[PDB]
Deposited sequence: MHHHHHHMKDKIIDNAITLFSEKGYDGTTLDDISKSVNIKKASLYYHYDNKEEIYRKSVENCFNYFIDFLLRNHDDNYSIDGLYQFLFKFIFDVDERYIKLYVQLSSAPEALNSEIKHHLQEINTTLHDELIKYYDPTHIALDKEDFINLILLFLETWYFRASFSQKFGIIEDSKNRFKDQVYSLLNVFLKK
């Protein structure tokens, strides 16, 4: 079942909600399509559980700090760009065309990650090392994060992701460095 959702996230990320079939999902974990009907009523429910998994993945990733120094902020950005799994970024970006029935549930997940992010980011704010007010600091970092979702999904589809990760990291450090004390 963890196997089913694991594989579904991969398929939904590549084919989309509408382009993925129950046959695909069942063929992927090697079970009969009929067997999916015990735990799920339809493809929409499997999609709903994949999105939930996606949000939990980002929240845990954001909260994972094995250092809230400036060195830790640079590391935090480095991990987001290089280590966030491409399939989760693609699934996240495709939420903008999700079935309307899920609108309110996704909206609830979006509020939640917006909150966790804001609370985590403020912990890196240190006026002694950053020449920016708290508000602009947080908004700046959110621009970096959101723009990576955009760049990563295009680069992976139309370009060379390894090249984009290195380039984007250099660009973001360069802008942030403008305010480093």
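Check your understanding: Which deposited-sequence positions, grouped into ranges, are missing C-alpha coordinates?
Key -> Gaps vs deposited seq, in order: 1-8, 75-76, 192.
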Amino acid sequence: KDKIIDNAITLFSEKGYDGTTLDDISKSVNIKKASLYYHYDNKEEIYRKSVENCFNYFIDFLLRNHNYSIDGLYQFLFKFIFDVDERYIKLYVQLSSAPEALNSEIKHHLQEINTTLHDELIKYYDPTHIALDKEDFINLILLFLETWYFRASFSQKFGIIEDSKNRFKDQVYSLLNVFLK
From here on, numbers count along this sequence of modelled residues.
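Practice item. Could you settle it for me: does 162-170 or 18-26 have the higher average Cα B factor in the PDB entry? Key: Of 18-26 and 162-170, the stretch with the higher C-alpha B-factor average is 18-26.
Review point. What stretch has the higher average Cα B-factor here, 150-158 or 51-59?
Key: Taking the mean B-factor of the alpha carbons in each, 51-59 is higher.
**Study point:** Options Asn139, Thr128, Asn42, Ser35 - largest CA temperature factor per the record
**Key:** Largest recorded C-alpha B-factor: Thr128.
Check your understanding: Lowest, middle or highest third: where is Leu176 by Cα B-factor in its chain?
Key -> Tercile = middle for this residue's CA B-factor.
Point to revise | Ranked against its chain, the third holding the CA B-factor of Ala101 | key: Top third by C-alpha B-factor.
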